[PDB]
Every structure is written in structure tokens, then in C-alpha cells.
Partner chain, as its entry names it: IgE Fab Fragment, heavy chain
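So this first bit is one chain, no partners, the form solved without its partner chain, shown in C-alpha cells.
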């Protein structure tokens, strides 16, 4: 479904701290519950020297905020990774300036969730504008965004 990818991505330059400032999904149920399946809060990206992507994140699971570590394997397209898990979910990098914001989507095989990542616990109105413009014609039915207080809490409580 997603046909916005970042050209010239240098995955090594996405390394480090990020915050999930906003999230949106195709289907309400993907983000609706607190333990909704795609309601995930990015902590750190750790690219490997081979160009795969180790992802640290938190998720609400079984009534608490759980730490996850997920591996997204590279493909022939630099902006597209495949999660080493049940149905091979695709991670697409739409857009990034490495130093402030990163937009990404995840999709299966037809469900979709996208996020606006930022480097700091601040509302970045220009990153959110780029996020909303990217989503404009994706078929999203739920959107969440977080305040700075929430961005500094586990699972954005």
C-alpha cells in the first residue's frame, strides 16, 4: 500500500534514541486498546554493520509495560526491512533528516500502522505536518499523539 520511500537512506545514521510522537493505523483495533497489537513505543534503533536494524521498544502486554527487542532484516531496497517474526511484516522508511524526525510505516500481507519519530521529547509541529501529509491518502482510521510529559514515561502513561 505505501509508495513513499526515502531515496538515499543511510540506515547507519538512524542509530540511537527516538520517541514515538504520533502514530496512526488503517484499522482502529490496531491501536485502540492499550495492549493493541501495533501500539508500540520506539526506544532506540541499533543498525548492525551488515545493515539490519535492531529495534528496542516498549509495548503494554498482560497489564504492564514490557520491553521488546526486534530485528528487522535488510532487503534489496534500502528503505524496506522485513521483521524476523510470524508473517514477515515490512518496515518502510518514508522520510528522515536523521537529526530531528523519521517517518516509517509497517504493513502485513491489508493492515498498516505508521509513526512520526523524533529525537527529543518535544512536539515538532513541522515533523507532524510531514507525517500528516504522508498519511493524507493512506486509509488511516485512528491517530494518536503524545505530549512531552507522556513521551518521558514508560508506555507513554
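Residue numbers count along the first chain shown, from 1.
Absent from the display: the form deposited with its partner chain bound. The rest refers to it.
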message: Using a 4.5 angstroms cut-off on non-hydrogen atoms, would residue 122 count as touching its partner chain in the deposited complex?
response: yes
message: Taking its partner chain as it sits in the deposited complex, is residue 151 in contact with it (heavy atom to heavy atom, 4.5 Å or less)?
response: yes
query: Within a 4.5 Å heavy atom cut-off, is residue 52 in contact with its partner chain in the deposited complex?
result: no
message: residue 42 versus its partner chain, in the deposited complex: is there a non-hydrogen atom within 4.5 Å?
response: yes
query: Which residues in 17-56 have a heavy atom within 4.5 Å of its partner chain in the deposited complex?
result: 17, 18, 19, 42, 43, 44, 56
